[PDB]
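What follows is a short report on a single structure.
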Amino acid sequence: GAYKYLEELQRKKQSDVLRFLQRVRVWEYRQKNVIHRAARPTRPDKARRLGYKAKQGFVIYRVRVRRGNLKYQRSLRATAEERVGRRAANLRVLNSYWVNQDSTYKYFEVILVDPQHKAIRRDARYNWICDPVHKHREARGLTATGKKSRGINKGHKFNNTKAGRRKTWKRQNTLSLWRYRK
Amino acid sequence: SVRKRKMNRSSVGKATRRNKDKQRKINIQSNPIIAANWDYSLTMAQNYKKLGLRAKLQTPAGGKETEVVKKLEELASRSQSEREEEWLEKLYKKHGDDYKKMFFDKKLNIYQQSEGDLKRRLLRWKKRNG
Amino acid sequence: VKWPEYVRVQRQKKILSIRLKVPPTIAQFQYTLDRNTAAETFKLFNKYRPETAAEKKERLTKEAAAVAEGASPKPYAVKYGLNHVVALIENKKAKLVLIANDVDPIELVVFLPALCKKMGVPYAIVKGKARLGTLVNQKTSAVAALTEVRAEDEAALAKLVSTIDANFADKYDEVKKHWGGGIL
Amino acid sequence: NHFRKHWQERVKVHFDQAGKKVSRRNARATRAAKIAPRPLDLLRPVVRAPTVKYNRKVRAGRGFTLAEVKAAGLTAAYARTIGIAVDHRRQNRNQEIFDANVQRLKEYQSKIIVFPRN
Amino acid sequence: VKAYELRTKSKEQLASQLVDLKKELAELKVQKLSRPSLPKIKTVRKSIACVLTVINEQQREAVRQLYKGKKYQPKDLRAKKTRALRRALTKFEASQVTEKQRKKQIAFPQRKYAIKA
Amino acid sequence: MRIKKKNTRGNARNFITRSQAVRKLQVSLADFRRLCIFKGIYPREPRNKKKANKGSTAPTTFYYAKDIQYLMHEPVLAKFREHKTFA
RNA sequence: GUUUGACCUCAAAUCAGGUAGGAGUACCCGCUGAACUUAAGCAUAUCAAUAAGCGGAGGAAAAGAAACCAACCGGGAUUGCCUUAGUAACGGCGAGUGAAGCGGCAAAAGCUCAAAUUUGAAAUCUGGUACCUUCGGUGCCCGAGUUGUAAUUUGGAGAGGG
RNA sequence: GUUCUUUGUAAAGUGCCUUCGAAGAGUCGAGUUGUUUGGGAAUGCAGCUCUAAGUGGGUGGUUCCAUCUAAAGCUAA
RNA sequence: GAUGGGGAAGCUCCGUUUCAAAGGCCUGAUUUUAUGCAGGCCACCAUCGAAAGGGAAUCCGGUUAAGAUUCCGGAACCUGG
């Protein structure tokens with residue numbers, strides 16, 4: 001299908017066609033507000049591979065975040081996700097993807113799913129997000145960007161953060177004392 | 001605590017509950033035959049050994065036939081739709097057992113059923129009608 | 001003086017696209033099937049409008065009613081789905097392809113004419129995705145394609161393909177040069 | 001010493017040990033009541049450990065490989081319903097281990113009885 | 001007054017009794033201020049309260065029958081269990097199984113077995 | 001109470017101007033007059049013209065407020081919107 | 001056609017149907033983040049990846065079915081306890097910091113999408129209405145969708161056929 | 001345990017033969033700044049210059065070799 | 001001091017007209033391919049902030065266990081309809 005062609009083309013962001021598209025969209029978004037809803041995703045393939053669906057209940061939002069940092073320790077992607085989840089409180093954030101960037105700001109597209117809509121509730125493939133445990137997933141860094149920033153992975157490279165740095169630090173820094181002292 | 005103080009300083013009354021005894025005495029529910037032979041006095045491993053069924057497949061950590069026959073004994077002890085039957089009857093009336101020609105019957109073999117499927121369906125119909 | 005913000009934004013976008021140089025992969029549109037041949041294609045395609053929900057529902061109910069009391073070939077129809085169109089393309093099963101020039105995401109349709117010409121499948125660019133939508137019982141499809149057709153319309157389809165090749169494909173093959181958007 | 005931190009703030013004395021054993025026994029009894037017909041644990045394979053300091057010791061494994069299940073006369077999808085663990089990411093190398101796993105699967109199949117769907 | 005008696009009596013009778021009890025309460029209160037005590041004031045007040053409760057129940061039961069069967073019942077008449085229970089999708093939505101999982105379960109149902117022979 | 005404005009009580013609010021009535025009804029003059037003809041409503045002339053017309057001497061047409069308010073509940077108003085949507 | 005509508009974008013209703021704030025907070029997930037104290041007074045350093053402050057959830061939370069560990073006769077989701085080990089290793093190599101493989105045990109369940117045309121029929125579904133065997137089901141109606149809703153499947157491969 | 005409904009040229013599972021057979025990008029990576037980790041083999045994290053390939057790529061060990069193949073998501077003890 | 005926006009991870013800070021689709025008045029025989037709306041005018045835009053600021057209007061006599069431009073008698077004046 002056309003999804004493979006779009007995926008291949010998007011990888012060549014420096015291409016002339018994508019160069020002009022980005023040069024136009026950067027001004028188009030800058031003329032708009034910092035955060036505004038998008039009628040349709042500008043990168044349908046990326047959203048589709050991220051679990052997005054065209055059925056009712058899915059919303060595409062566009063957000064702008066400043067660049068730079070006398071230091072900062074969180075990704076702009078996570079900040080944008082939090083700033084969009086703090087406005088659509090009734091929407092559950094699943095994932096987000098880069099669509100464009102600027103020298104002073106970066107632009108990211110975030111797909112939002114409403115657990116209140118019956119179509120989502122009646123869909124066994126998406127009703128799992130209706131559980132309250134998934135509330136404000138972006139605020140807890142449970143998204144792809146949040147997990148990447150947290151360092152949740154496997155192997156020696158993530159021992160200090162395999163299951164959360166705070167949790168492992170608390171578990172290891174405890175003087176266990178059994179009834180029958182060893 | 002601050003809230004616990006009110007529950008005792010007020011006449012609302014605690015929502016008393018008592019279920020500790022039932023936590024240990026659990027009724028066997030997944031099998032009536034086992035229930036007729038199960039004994040809550042003995043442990044799960046002891047009950048399994050008495051009945052004759054292995055309690056654990058893996059090696060037990062640390063230290064350590066009639067019922068089976070009765071359970072085992074009880075272990076040892078589809079048609080065709082109207083339209084499908086009519087279609088098979090039409091095939092039999094027109095081409096009979098000529099599968100080689102029935103496979104190419106556009107009028108009847110609308111779905112181009114394979115020779116094996118046609119013969120199996122015809123055999124089913126014949127067995128269901130003699 | 002002041003106008004609505006969205007109106008000003010879209011006017012600025014229009015006057016920028018009219019003045020911004022674009023690579024030949026862009027502006028491959030704006031050289032489109034003429035009004036005459038476009039109308040002829042619409043007339044040919046108007047006879048193969050896909051069965052709407054009401055038509056299919058009534059036909060199925062009528063068939064069921066007859067069945068309750070107690071053979072035709074596949075109905076030829078236009079293919080419009082982008083995933084299905086791109087699947088008929090690259091497989092040589094497609095005979096005629098129509099491409100909308102006013103797709104909002106340009107990247108979704110930039111490669112389609114190039115792939116069609118690479119595969120040697122006739123293709124035509126027609127103004128207005130709504131026009132394609134109006135003939136497909138949808139708001140818009142951005143693409144339309146033809147498959148096996150009735151014998152009566154085979155000659156018409158061949159003549160339309162020849163006309164398209166003579167008018168648009170051969171004439172506008174130079175579109176590779178002359179970077180669009182160069183108007184002063 | 002390793003006490004320059006506020007270790008006193010996190011000192012969990014394992015007083016629950018006495019009650020934890022009883023809780024585990026009660027949970028096992030509940031599982032037996034619910035899983036009465038079937039064993040509390042699945043049939044695990046026999047495996048040989050890496051780290052030669054321990055390879056000389058034979059130990060159990062996670063689940064039988066697809067090849068072992070196929071050689072045992074059944075399928076991985078069907079074997080799961082019978083209580084046989086299946087490991088899709090384990091590859092058999094030693095022939096003796098494969099033979100032992102096949103023999104264990106055959107013995108389990110011979111020793112099991114499956115109730116009718118009725 | 002007794003609740004079981006007012007249930008059978010028509011609504012207009014209860015409405016008239018409400019006004020009669022209000023008049024009686026007013027008269028007793030006029031008498032009460034000139035007396036150290038008046039026990040019947042408590043009884044008449046609790047009878048007025050009972051009459052009001054009976055009238056409210058009679059209205060609510062009729063309203064419930066008015067919306068019988070149809071969806072979107074009045075919020076005050078809906079379940080008061082808790083806020084969270086309105087979420088936590090209901091049994092139908094929770095048990096909704098996708099065709100893939102349903103077919104897989106049907107093809108490979110969990111069997112019951114014992115291991116001794 | 002505080003000072004009461006002259007053109008806020010009496011004939012000022014007893015009769016509503018035709019232009020104001022159309023705005024309140026949010027219905028086109030064609031449909032508004034169709035409904036008026038169906039209901040047999042007619043304009044009325046108060047004993048004082050300036051008093052009713054917010055103290056302004058103009059050839060304004062006055063309609064009874066109660067009749068117009070009752071008109072708003074007629075199902076014909078919804079039927080007109082349904083017909084417009086269907087068209 | 002000096003016209004009409006298709007669209008695409010953007011607005012409004014005290015519109016029909018919904019949801020969000022906040023409180024609590026021992027535990028959970030992140031952000032933010034010092035100093036007292038201690039070492040050759042304190043430059044690296046310890047206190048500390050702590051308290052305070054901020055946001056987000058449940059009865060548990062997180063993680064969880066490998067771009068893992070090992071180098072062997074290979075192990076085979078995650079989590080938790082003992083050991084590993086006060087070891088490897090860091091440490092103005094001074095104070096101190098300090099794991100991880102494997103092994104012993106409590107428990108085990110695996111999976112779902114993208115990317116393949118349903119193309120001999122968008123076969124999908126939100127919502128309003130009349131009924132009923134009312135946590136929902138049926139007929140009718142409007143709309144969402146072709147910039148993709150139905151079915152199969154995804155490294156254990158899988159799919160079209162005999 | 002008792003009973004109503006199925007059904008429809010409907011929905012599945014295994015063996016053989018045959019024809020095909022699809023890998024997630026501003027992402028890995030490189031140089032740098034600040035922080036953290038025993039993790040010097042630069043452990044990870046965030047920013048910044050550039051930017052990737054598909055019999056291709058990460059990590060480790062004898063001249064090659066072993067494991068996965070991420071950049072999408074759910075899950076009881 | 002919201003309002004439309006911007007910065008801030010955030011508790012929140014800026015900004016009062018700031019490049020907002022920010023409302024308030026009138027007319028017509030019912031608007032001609034036939035009963036779906038046409039036309040005329042202005043461009044500011046919430047709120048709080050004073051019992052010593054501006055303000056619509058009561059004077060006298062008498063009365064109480066404590067109240068008077070209020071309570072009683074007489075005669076007055078302002079706003080709306």
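Residue numbers start at 1 in each chain; chains themselves are named A, B, ... in the order of the structure tokens; ligands are numbered from 1 in the order shown.
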
(message) At a cut-off of 9 Å, which residues of chain G touch chain D? Count only C-alpha atoms (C1' of nucleotides) and give the answer as a list in words.
(response)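 Going by the stated atoms only, the list reads residues 38, 46, 47, 50, 70, 71, 72, 73, 74, 75, 76, 96, 97, 101, 102, 103, 106, 108 and 156 of chain G.
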
(request) Using only C-alpha atoms (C1' of nucleotides), determine which residues lie at most 12 Å from residue 4 in chain B, disregarding the query and same-chain residues fewer than 6 positions distant; provide the list as a VMD selection string. (result) chain B and resid 10 13 to 14

(message) I'd like the contact shell of residue 104 in chain D - 10 Å cut-off, only C-alpha atoms (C1' of nucleotides), skipping same-chain residues fewer than 6 positions apart - returned as a VMD selection string.
(response) chain D and resid 43 to 46 72 98 110

(message) What parts of chain F does DSSP call helix (DSSP H, G or I)? I'd like the answer as an MDAnalysis selection string.
(response) chainID F and resid 6:8 11:14 18:25 29:39 49:52 65:71 75:86

(request) Please identify all polymer residues within 8 Å of range 19-23 of chain C, counting only C-alpha atoms (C1' of nucleotides), omitting same-chain residues fewer than 3 positions from it, and present them as a list in words. (result) residues 16, 17 and 20 of chain A; 15, 16, 26, 27, 179, 180, 181, 182, 183 and 184 of chain C

Resulting file, chosen residues, N, CA and C atoms, as a PDB file, in the first residue's frame:
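Final output, saved to selection36.pdb:
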```
ATOM      1  N   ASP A  16      14.024  17.693  -1.162  1.00  0.00           N
ATOM      2  CA  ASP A  16      13.510  18.988  -1.598  1.00  0.00           C
ATOM      3  C   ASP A  16      12.008  19.097  -1.366  1.00  0.00           C
ATOM      4  N   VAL A  17      11.258  18.039  -1.677  1.00  0.00           N
ATOM      5  CA  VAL A  17       9.810  18.075  -1.478  1.00  0.00           C
ATOM      6  C   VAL A  17       9.488  18.253   0.001  1.00  0.00           C
ATOM      7  N   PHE A  20      10.494  21.811   1.223  1.00  0.00           N
ATOM      8  CA  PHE A  20       9.486  22.837   0.974  1.00  0.00           C
ATOM      9  C   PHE A  20       8.266  22.638   1.865  1.00  0.00           C
TER      10      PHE A  20
ATOM     11  N   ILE C  15      -1.033  33.060  -1.662  1.00  0.00           N
ATOM     12  CA  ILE C  15      -0.111  33.984  -2.312  1.00  0.00           C
ATOM     13  C   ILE C  15       1.338  33.559  -2.111  1.00  0.00           C
ATOM     14  N   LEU C  16       1.609  32.698  -1.129  1.00  0.00           N
ATOM     15  CA  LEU C  16       2.954  32.166  -0.955  1.00  0.00           C
ATOM     16  C   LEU C  16       3.209  31.007  -1.909  1.00  0.00           C
ATOM     17  N   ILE C  26       6.992  18.556  -6.869  1.00  0.00           N
ATOM     18  CA  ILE C  26       5.841  19.405  -6.612  1.00  0.00           C
ATOM     19  C   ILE C  26       5.545  20.187  -7.885  1.00  0.00           C
ATOM     20  N   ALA C  27       4.305  20.647  -8.019  1.00  0.00           N
ATOM     21  CA  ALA C  27       3.819  21.333  -9.209  1.00  0.00           C
ATOM     22  C   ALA C  27       3.751  20.409 -10.415  1.00  0.00           C
ATOM     23  N   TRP C 179      10.836  24.707 -12.866  1.00  0.00           N
ATOM     24  CA  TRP C 179      10.454  24.745 -11.461  1.00  0.00           C
ATOM     25  C   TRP C 179       9.260  25.664 -11.251  1.00  0.00           C
ATOM     26  N   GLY C 180       8.174  25.108 -10.717  1.00  0.00           N
ATOM     27  CA  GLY C 180       6.963  25.880 -10.542  1.00  0.00           C
ATOM     28  C   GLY C 180       7.101  26.945  -9.471  1.00  0.00           C
ATOM     29  N   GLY C 181       6.171  27.896  -9.504  1.00  0.00           N
ATOM     30  CA  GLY C 181       6.172  28.977  -8.538  1.00  0.00           C
ATOM     31  C   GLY C 181       7.105  30.118  -8.863  1.00  0.00           C
ATOM     32  N   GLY C 182       7.559  30.224 -10.107  1.00  0.00           N
ATOM     33  CA  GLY C 182       8.464  31.270 -10.530  1.00  0.00           C
ATOM     34  C   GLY C 182       7.800  32.560 -10.955  1.00  0.00           C
ATOM     35  N   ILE C 183       6.480  32.679 -10.793  1.00  0.00           N
ATOM     36  CA  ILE C 183       5.786  33.894 -11.200  1.00  0.00           C
ATOM     37  C   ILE C 183       6.269  35.059 -10.350  1.00  0.00           C
ATOM     38  N   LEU C 184       6.539  36.187 -11.000  1.00  0.00           N
ATOM     39  CA  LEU C 184       7.002  37.384 -10.307  1.00  0.00           C
ATOM     40  C   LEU C 184       5.987  37.825  -9.256  1.00  0.00           C
TER      41      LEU C 184
END
```

(request) Mind giving me the straight-line distance from CA of residue 128 in chain C to CA of residue 100 in chain C in Å, one decimal? (result)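 Interatomic distance, CA of residue 128 in chain C to CA of residue 100 in chain C: 5.8 Å.
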
Quick one: which chain C residues come within 6 Å of chain A, and what is the nearest atom pair for each with the distance in Å to one decimal, counting only C-alpha atoms, rows ordered by chain and ascending number, as a Markdown table?
```
| residue | atom | partner | partner_atom | distance |
| --- | --- | --- | --- | --- |
| C:83 | CA | A:1 | CA | 4.7 |
| C:86 | CA | A:1 | CA | 5.7 |
| C:87 | CA | A:1 | CA | 5.8 |
```

(request) One decimal, Å: what's the distance from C1' of residue 6 in chain I over to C1' of residue 20 in chain G, could you say? (result) 23.8 Å

(request) Enumerate as a ChimeraX atom specification the residues belonging to chain D that approach chain E to within 10 Å, with only C-alpha atoms taken into account. (result) /D:35-39,77-83,107-117

Do you have, as a tab-separated table, the list of residues of chain A lying at most 12 Å from chain I, each with its nearest atom pair and that distance in Å to one decimal, counting only C-alpha atoms (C1' of nucleotides) and ordered by chain then number?
```
residue	atom	partner	partner_atom	distance
A:31	CA	I:19	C1'	11.0
A:32	CA	I:5	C1'	11.0
A:33	CA	I:5	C1'	8.2
A:34	CA	I:6	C1'	8.9
A:35	CA	I:5	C1'	11.2
A:64	CA	I:6	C1'	11.8
A:65	CA	I:7	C1'	10.8
A:66	CA	I:7	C1'	9.5
A:72	CA	I:9	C1'	9.6
A:73	CA	I:9	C1'	9.8
A:74	CA	I:9	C1'	8.2
A:75	CA	I:9	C1'	10.3
A:76	CA	I:9	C1'	10.2
A:77	CA	I:9	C1'	11.9
A:78	CA	I:9	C1'	9.4
A:79	CA	I:9	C1'	6.8
A:80	CA	I:9	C1'	10.1
A:81	CA	I:9	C1'	11.1
A:82	CA	I:9	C1'	8.3
A:83	CA	I:9	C1'	9.0
A:86	CA	I:10	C1'	11.0
A:138	CA	I:9	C1'	11.8
A:139	CA	I:9	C1'	9.6
A:140	CA	I:9	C1'	11.7
A:141	CA	I:9	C1'	12.0
```

(request) Find the residues near range 93-100 of chain A: any atom within 10 Å, counting only C-alpha atoms (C1' of nucleotides), skip ones fewer than 3 places away on the same chain, and give them as a PyMOL selection string. (result) (chain A and resi 10+13+21-23+25-26+29+41-43+46-47+50-52+59-62+64+77-78+80-82+84-85+88-90+105-114+129+134-139+142-146) or (chain H and resi 26+72-73)

(request) Would you kindly return, as a PyMOL selection string, each protein, DNA or RNA residue with an atom no farther than 8 Å from any atom of range 170-173 of chain A, considering only C-alpha atoms (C1' of nucleotides) and excluding same-chain residues fewer than 4 positions away? (result) (chain A and resi 166) or (chain D and resi 7+10)

Keeping only C-alpha atoms, take the residues you just selected and write them out as a PDB file, in the first residue's frame.
```
ATOM      1  CA  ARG A 166      14.119   5.552  42.827  1.00  0.00           C
TER       2      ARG A 166
ATOM      3  CA  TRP D   7      19.436   3.896  57.115  1.00  0.00           C
ATOM      4  CA  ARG D  10      14.216   2.258  56.024  1.00  0.00           C
TER       5      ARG D  10
END
```

Which residues come within 12 Å of residue 161 in chain G, counting only C-alpha atoms (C1' of nucleotides), excluding same-chain residues fewer than 3 positions away, as a PDB file with C-alpha atoms (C1' of nucleotides), in the first residue's frame?
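And here is the file that came out, selection_1.pdb:
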```pdb
ATOM      1  CA  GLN B 113     -15.844 -26.154  -5.349  1.00  0.00           C
ATOM      2  CA  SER B 114     -12.910 -28.526  -5.725  1.00  0.00           C
TER       3      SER B 114
ATOM      4  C1'   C H  17       2.070 -31.374  -2.105  1.00  0.00           C
ATOM      5  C1'   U H  18       2.161 -26.768  -4.491  1.00  0.00           C
ATOM      6  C1'   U H  19       2.913 -20.789  -5.399  1.00  0.00           C
ATOM      7  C1'   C H  20       4.229 -16.676  -2.770  1.00  0.00           C
TER       8        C H  20
END
```

(message) Measuring between only C-alpha atoms, which one of B:71, B:6, B:124, B:49 shows the shortest distance to chain D?
(response) B:71

Report the closest atom pair, with its distance in Å rounded to one decimal, for each residue of chain A that has an atom no farther than 7 Å from chain E; count only C-alpha atoms, sort by chain and then rising residue number, and write it as a Markdown table.
```
| residue | atom | partner | partner_atom | distance |
| --- | --- | --- | --- | --- |
| A:121 | CA | E:93 | CA | 6.4 |
| A:122 | CA | E:93 | CA | 5.7 |
| A:124 | CA | E:98 | CA | 5.5 |
| A:131 | CA | E:88 | CA | 6.2 |
```

(request) Quote the spacing between CA of residue 80 in chain B and CA of residue 126 in chain B in Å to one decimal place. (result)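 Result for CA of residue 80 in chain B versus CA of residue 126 in chain B: 11.4 Å, one decimal.
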
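Residues of chain H lying within 6 Å of chain A, counting only C-alpha atoms (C1' of nucleotides), are residues 25, 43, 46 and 72 of chain H.
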
Write the residues of the selection above to a file with C-alpha atoms (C1' of nucleotides), as a PDB file, in the first residue's frame.
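Listing of result19.pdb after writing:
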```
ATOM      1  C1'   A H  25      13.529   7.421  10.859  1.00  0.00           C
ATOM      2  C1'   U H  43      26.028   3.414  32.304  1.00  0.00           C
ATOM      3  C1'   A H  46      18.444  16.099  28.199  1.00  0.00           C
ATOM      4  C1'   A H  72       4.079   0.684  18.313  1.00  0.00           C
TER       5        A H  72
END
```
